[PDB]
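Taken in sequence, the protein lines are chains A and B. With positions in the first sequence counted from 1, the corresponding number in the UniProt record's numbering is that position plus 1. With positions in the second sequence counted from 1, the corresponding number in the UniProt record's numbering is that position plus 1. Written out below as structure tokens is the structure these notes cover.
Number of protein chains: 2
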Amino acid sequence: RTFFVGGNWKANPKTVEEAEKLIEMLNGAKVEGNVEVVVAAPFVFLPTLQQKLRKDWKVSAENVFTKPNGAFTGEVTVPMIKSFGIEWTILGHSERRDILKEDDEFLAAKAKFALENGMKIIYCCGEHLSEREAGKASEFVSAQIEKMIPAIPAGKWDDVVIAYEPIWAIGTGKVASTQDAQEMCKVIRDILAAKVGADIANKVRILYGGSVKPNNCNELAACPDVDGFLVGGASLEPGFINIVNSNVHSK
Amino acid sequence: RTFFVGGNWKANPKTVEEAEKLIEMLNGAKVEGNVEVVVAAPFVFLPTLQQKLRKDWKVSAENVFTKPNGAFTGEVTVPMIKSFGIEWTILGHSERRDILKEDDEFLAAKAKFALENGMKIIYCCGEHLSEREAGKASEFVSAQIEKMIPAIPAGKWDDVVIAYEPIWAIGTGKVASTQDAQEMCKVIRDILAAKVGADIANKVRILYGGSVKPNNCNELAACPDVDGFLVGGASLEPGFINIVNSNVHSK
Ligand code: NA
Ligand code: NA
Ligand code: NA
Ligand code: NA
């Protein structure tokens, strides 16, 4: 499976000038090994990112709606994104599930519509503190993946990437170890194998989407079931390149 | 009060090519009388709208978040919008209150942050079918406006426009008359007068945000307390210009 690194800028930077500076930085980075790099940015910066970003990397939206267009004030749709030539979106990020109240049925509908319309998706999942403390992480995560599975059309698993977020380690006072990341990526892979078969499970990139930095990316990349990263704050910094280049430690 | 017409494209059109065609159409329209025109479009089309739209009109976002930037995947913020030179946003549209579950506290926080950061806002309100049928429209609408009022900083009411949406007449099987529009715009004006004083109430543009078309804009514009429109589907059509030009019938 080709190592995969997505840079999620989240709601940053504040200005188009800063977005442009950051893109110029990314454009000059020397990538080593073999890695698929995707960069996700706020909607209003997507046109400039699409125009200016190095052509060997791909741009991603950070969310889309469930419909092609219509009476959905404030929402951006798959056709709009594709009209710029953008091929990816993130879906189901913990911040949207939590702050913006997106539920599993909404997210399944987005995955279905996105894929049926030629998009590739980075679909996020992961359990909260109480399920982690109860030792019920795999059950929680399995229920999420099981909502996702029926949305994937036949022949589209090549267009699906899954990101595991250890939400239990985000603003909770607990930290995730390298072994935690490996264990949950493997839990997801096994759920896929059981539910949709080994051939799909062996192809789907599963990413670690907890805290990824230059000081922990090499050890994380080396975990056998970690196929890359959905990077948060380091996406905005020169250390993003170290994370991209961690692929040489994954086999 | 200067007549005010906002064109809310909502989640339309599907493609940047269509957005550009529509802007070329708007650019050649002959406006009559005196009217302030604002055009709101999906986030990904805002840069091209800002670059290409006639300079005597202003661009608007259809929503913004409550914060300047941060861990809010999918969200667009006031600084991002302003970095393009965009001066307006819509807030609290019925579609966002309903479909995207935005509550009055979220919306008050957005109004406060937006105005404290130099934005102008079109703040939407309006009652649903049951409150309309119960004859409790003014109570419902007053509660909304009362949540809004504390968010407005001193000296910023010149940067506030309020749009009344008859949600009870949207997908319910009931239609709004011209007298309904007038009555609710007046209810809002009186709430302002009582709560923040006559000088503010006499300055604030209150718009009708129900169904506005070339066949009903002139009669609506003539209502004394209707100061313009937040236009839905006709924003995407040549009839938008008829609606802009209805200002000559308002006194
Ligand atoms: Na395929
Ligand atoms: Na690995
Ligand atoms: Na002022
Ligand atoms: Na009038």
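No residue lacks a Cβ here, since even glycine has one placed at the ideal position from N, Cα and C.
Relative to the non-hydrogen atoms of ligand 4, the Cβ of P48(B) never comes closer than 7 Å to any of them.
Within the model, the alpha-carbon separation for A112(B) versus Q51(A) is close to 31 Å. Partner residues in a beta bridge of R97(B), as assigned by DSSP, do not exist. Bounds of any beta strand (DSSP E) do not take in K22(B); it lies within the alpha helix (DSSP H) bounded by 17-28. Per DSSP, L237(A) lies in no beta strand (DSSP E) and is assigned neither H nor E.
Here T3(A) is exposed: its Cβ has fewer than 16 other Cβ atoms, across all protein chains shown, within 10 Å. Here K157(A) is near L116(A), since their CB atoms are less than 8 Å apart.
Under the 8 Å Cβ criterion, the segment 220-238 of chain A does not count as touching the segment 8-26 of chain B, having fewer than three qualifying pairs. Residue pairing of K59(A) in beta bridges, as defined by DSSP: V39(A). Considering only beta carbons, the part of the segment 66-82 of chain A lying closer than 7 Å to chain B consists of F66, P69, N70, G71, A72, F73, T74, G75, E76, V77, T78, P80, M81, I82, in chain order. Take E128(A), set aside five residues on each side of it, and the residues of its chain with a beta-carbon closer than 7 Å to its own are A138, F141, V142, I168, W169, in chain order.
Residues of chain A whose Cβ lies closer than 9 Å to the Cβ of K11(B) are, in chain order, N70, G71, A72, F73, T74, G75, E76. Neighbours of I91(B) in chain A, taken as residues whose beta carbon is under 9 Å from its own, are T74, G75 in chain order. Around the Cβ of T67(B), a 10 Å sphere holds 16 or more other Cβ atoms; the residue is buried. In the DSSP annotation of this structure, the continuous segment of the alpha helix (DSSP H) that includes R190(B) starts and ends at 179-197. Put simply, the backbone Cα of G29(B) is about 23 Å away from that of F85(B). For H129(B), not one C-beta of chain A is nearer than 8 Å to its own C-beta.
Counting only runs of 4 or more residues that sit fully inside the segment 58-136 of chain A, the alpha helix (DSSP H) segments are 79-84, 95-99, 105-117, 130-135, in chain order. In this structure, the CA atom of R206(A) is about 19 Å from the CA atom of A62(A). At a beta-carbon threshold of 9 Å, the residues of chain A lying near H94(B) are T74, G75, ordered along the chain. Here the segment 232-243 of chain B makes contact with the segment 208-216 of chain B; the two share three or more CB pairs at distances below 8 Å. Taking a Cβ-Cβ threshold of 8 Å, the residues of chain A close to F85(B) are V17, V45, in chain order. For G7(B), the pairing in a beta bridge is given by DSSP as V39(B), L231(B). Contact residues of the segment 98-111 of chain B toward chain A are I100, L101, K102 (C-beta to C-beta distance below 8 Å). Using a cutoff of 7 Å, the CB of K204(A) does not count as near ligand 3, since none of the ligand's heavy atoms is closer than that. DSSP places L208(A) within a strand segment (E or B) once states are collapsed to three. For a Cβ distance threshold of 7 Å, residue set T74, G75 of chain B lies close to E63(A), ordered along the chain.
Sequence-distant partners of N203(A) (beyond 5 residues in either direction) whose C-beta falls short of 7 Å from its own C-beta are missing from its chain. Put simply, the backbone Cα of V79(A) is about 26 Å away from that of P239(B). The three-state secondary structure of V245(A), taken from DSSP, is helix. Where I146(A) is concerned, the enclosing alpha helix (DSSP H) starts and stops at 138-149. Annotated as distal: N64(B) and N248(B), with beta-carbon spacing of 8 Å or more. For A222(A), the enclosing alpha helix (DSSP H) has its first and last residue at 218-222. Proximity annotation: ligand 1 has residues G156(A), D159(A) in chain order, each selected because its CB is closer than 5 Å to a heavy atom of the ligand.
DSSP lists no beta-bridge partner residue for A155(A).
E25(B) is classed as exposed because its beta carbon has fewer than 16 other beta carbons within 10 Å across all chains shown.
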